[PDB]
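Everything on this sheet refers to the single structure shown next.
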Amino acid sequence: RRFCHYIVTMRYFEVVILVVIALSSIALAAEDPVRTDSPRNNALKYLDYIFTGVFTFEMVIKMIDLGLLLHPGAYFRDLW
Ligand SMILES: CC(C)CCC[C@@H](C)[C@H]1CC[C@H]2[C@@H]3CC=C4C[C@@H](OC(=O)CCC(=O)O)CC[C@]4(C)[C@H]3CC[C@]12C
């Protein structure tokens, strides 16, 4: 399945990741600090669920494809 992981990251995947990043940044900029229970916060929290799911899916794909700290050139070998 590692070849599938390699091919998924190339199937226009960076653009989708960037779109998710931008939309989640706008979602962060749209929160209401003072009204902690207003419906806007309720919608943005669902948006945050979606963005968290997408990001953790990408992170798991990266773990599987590149491998953990066991060797250089893998996950945790970058601060990013
Ligand atoms: C090149 C990059 C840095 C562009 C940056 C643009 C956005 C990061 C910022 C600029 C001003 C922000 C907006 C300022 C406050 C509003 C109102 C906010 O809530 C409302 O619509 C008011 C109605 C209500 O409170 O119920 C929704 C998000 C929004 C559009 C924000 C969306 C994100 C915005 C567009």
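Scheme for the structure tokens: letters A, B, ... for chains in order shown; per-chain residue numbers from 1; ligand numbers from 1 in order shown.
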
**Request:** Write out as a ChimeraX atom specification each polymer residue whose atoms come within 12 Å of residue A:13, counting only C-alpha atoms; drop sequence neighbours fewer than 6 positions from it.
**Result:** /A:5-7,19-20,54-55,57-58,61

Based on the selection just made, write C-alpha atoms of those residues as a short mmCIF file (atom, residue, chain, number, x, y, z; two decimals), in the first residue's frame.
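Generated output (result_23.cif):
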```cif
data_model
loop_
_atom_site.label_atom_id
_atom_site.label_comp_id
_atom_site.auth_asym_id
_atom_site.auth_seq_id
_atom_site.Cartn_x
_atom_site.Cartn_y
_atom_site.Cartn_z
CA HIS A 5 0.53 6.26 -0.52
CA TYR A 6 3.27 7.54 -2.83
CA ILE A 7 0.84 8.04 -5.71
CA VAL A 19 -7.13 24.85 -0.05
CA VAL A 20 -7.85 23.13 3.26
CA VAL A 54 -8.29 16.08 6.59
CA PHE A 55 -5.05 17.11 8.30
CA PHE A 57 -5.49 11.83 7.23
CA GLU A 58 -2.62 13.61 5.48
CA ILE A 61 -0.38 9.10 4.92
#
```

Given only C-alpha atoms and all ligand atoms, how would the per-residue table for chain A near ligand 1 read, listing every residue at most 7 Å away with its closest atom pair and distance in Å to one decimal, sorted by chain and number, as a Markdown table?
```
| residue | atom | partner | partner_atom_place_in_ligand_line | distance |
| --- | --- | --- | --- | --- |
| A:25 | CA | ligand 1 | 8 (C) | 6.6 |
| A:26 | CA | ligand 1 | 33 (C) | 4.6 |
| A:29 | CA | ligand 1 | 33 (C) | 5.3 |
| A:30 | CA | ligand 1 | 28 (C) | 4.1 |
| A:40 | CA | ligand 1 | 26 (O) | 6.3 |
```

Store the residues picked out above, limited to N, CA, C and O atoms, as an mmCIF file, in the first residue's frame.
```cif
data_model
loop_
_atom_site.group_PDB
_atom_site.id
_atom_site.type_symbol
_atom_site.label_atom_id
_atom_site.label_comp_id
_atom_site.auth_asym_id
_atom_site.auth_seq_id
_atom_site.Cartn_x
_atom_site.Cartn_y
_atom_site.Cartn_z
ATOM 1 N N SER A 25 -7.815 28.583 7.909
ATOM 2 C CA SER A 25 -7.358 29.878 8.402
ATOM 3 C C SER A 25 -8.492 30.896 8.407
ATOM 4 O O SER A 25 -8.651 31.656 9.372
ATOM 5 N N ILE A 26 -9.296 30.925 7.342
ATOM 6 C CA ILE A 26 -10.460 31.811 7.331
ATOM 7 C C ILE A 26 -11.427 31.432 8.445
ATOM 8 O O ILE A 26 -12.036 32.301 9.079
ATOM 9 N N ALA A 29 -10.178 32.875 11.568
ATOM 10 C CA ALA A 29 -10.392 34.316 11.578
ATOM 11 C C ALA A 29 -11.852 34.701 11.760
ATOM 12 O O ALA A 29 -12.138 35.886 11.952
ATOM 13 N N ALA A 30 -12.774 33.745 11.695
ATOM 14 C CA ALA A 30 -14.201 34.033 11.754
ATOM 15 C C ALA A 30 -14.821 33.766 13.118
ATOM 16 O O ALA A 30 -16.024 33.985 13.282
ATOM 17 N N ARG A 40 -22.623 30.742 15.271
ATOM 18 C CA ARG A 40 -21.446 30.845 14.416
ATOM 19 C C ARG A 40 -20.322 29.952 14.925
ATOM 20 O O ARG A 40 -19.673 29.249 14.142
#
```

**Request:** Find the distance between atom CA of residue A:24 and atom CA of residue A:49 and write it in Å to one decimal.
**Result:** 10.2 Å

**Asked** So how far away is atom CA of residue A:44 from atom CA of residue A:32, in Å?
**Response**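 Computing it gives 9.8 Å between the two atoms.
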
**Message:** Taking only chain A into account, list the residues labelled alpha helix (DSSP H) by DSSP (computed from the backbone), as a count of residues only.
**Reply:** 52

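A straight line drawn from atom CA of residue A:27 to atom CA of residue A:80 is 22.3 Å long.
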
**Request:** Find the residues near residue A:45: any atom within 12 Å, counting only C-alpha atoms, skip ones fewer than 2 places away on the same chain, and give them as a list in words.
**Result:**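 With the cut-off at 12 Å, the set is residues 24, 27, 28, 30, 31, 32, 36, 37, 38, 39, 40, 41, 42, 43, 47, 48, 49, 50, 51 and 52 of chain A.
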
**Message:** Show me, as a PyMOL selection string, the residues that have an atom within 12 Å of residue A:2 when counting only C-alpha atoms, minus same-chain residues fewer than 4 positions from it.
**Reply:** chain A and resi 6-9+60-67

Export of the given selection (N, CA, C and O atoms) as an mmCIF file, in the first residue's frame:
```
data_model
loop_
_atom_site.group_PDB
_atom_site.id
_atom_site.type_symbol
_atom_site.label_atom_id
_atom_site.label_comp_id
_atom_site.auth_asym_id
_atom_site.auth_seq_id
_atom_site.Cartn_x
_atom_site.Cartn_y
_atom_site.Cartn_z
ATOM 1 N N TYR A 6 2.409 6.698 -2.011
ATOM 2 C CA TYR A 6 3.273 7.540 -2.830
ATOM 3 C C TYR A 6 2.489 8.211 -3.951
ATOM 4 O O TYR A 6 2.716 9.387 -4.260
ATOM 5 N N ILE A 7 1.561 7.480 -4.574
ATOM 6 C CA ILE A 7 0.843 8.043 -5.714
ATOM 7 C C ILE A 7 -0.259 8.999 -5.261
ATOM 8 O O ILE A 7 -0.627 9.919 -6.002
ATOM 9 N N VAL A 8 -0.804 8.809 -4.056
ATOM 10 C CA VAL A 8 -1.845 9.712 -3.568
ATOM 11 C C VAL A 8 -1.283 11.112 -3.359
ATOM 12 O O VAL A 8 -1.924 12.113 -3.705
ATOM 13 N N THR A 9 -0.073 11.208 -2.804
ATOM 14 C CA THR A 9 0.524 12.509 -2.531
ATOM 15 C C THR A 9 0.825 13.303 -3.795
ATOM 16 O O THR A 9 1.071 14.510 -3.698
ATOM 17 N N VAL A 60 -1.241 10.852 8.641
ATOM 18 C CA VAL A 60 -1.106 9.398 8.654
ATOM 19 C C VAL A 60 -0.535 8.893 7.335
ATOM 20 O O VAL A 60 0.296 7.972 7.322
ATOM 21 N N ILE A 61 -0.961 9.475 6.210
ATOM 22 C CA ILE A 61 -0.377 9.101 4.923
ATOM 23 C C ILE A 61 1.125 9.361 4.926
ATOM 24 O O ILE A 61 1.917 8.539 4.448
ATOM 25 N N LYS A 62 1.537 10.515 5.457
ATOM 26 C CA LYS A 62 2.961 10.835 5.506
ATOM 27 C C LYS A 62 3.725 9.862 6.400
ATOM 28 O O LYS A 62 4.823 9.419 6.043
ATOM 29 N N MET A 63 3.168 9.526 7.569
ATOM 30 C CA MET A 63 3.790 8.518 8.427
ATOM 31 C C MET A 63 4.000 7.213 7.676
ATOM 32 O O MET A 63 5.098 6.644 7.684
ATOM 33 N N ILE A 64 2.945 6.717 7.027
ATOM 34 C CA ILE A 64 3.034 5.423 6.361
ATOM 35 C C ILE A 64 4.058 5.463 5.234
ATOM 36 O O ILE A 64 4.898 4.564 5.111
ATOM 37 N N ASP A 65 4.018 6.504 4.401
ATOM 38 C CA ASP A 65 4.895 6.547 3.235
ATOM 39 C C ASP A 65 6.356 6.761 3.625
ATOM 40 O O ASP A 65 7.244 6.044 3.156
ATOM 41 N N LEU A 66 6.624 7.743 4.489
ATOM 42 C CA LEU A 66 8.012 8.122 4.743
ATOM 43 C C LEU A 66 8.608 7.338 5.904
ATOM 44 O O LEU A 66 9.830 7.172 5.983
ATOM 45 N N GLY A 67 7.774 6.845 6.804
ATOM 46 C CA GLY A 67 8.325 6.147 7.956
ATOM 47 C C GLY A 67 8.713 7.094 9.073
ATOM 48 O O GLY A 67 8.919 8.290 8.877
#
```
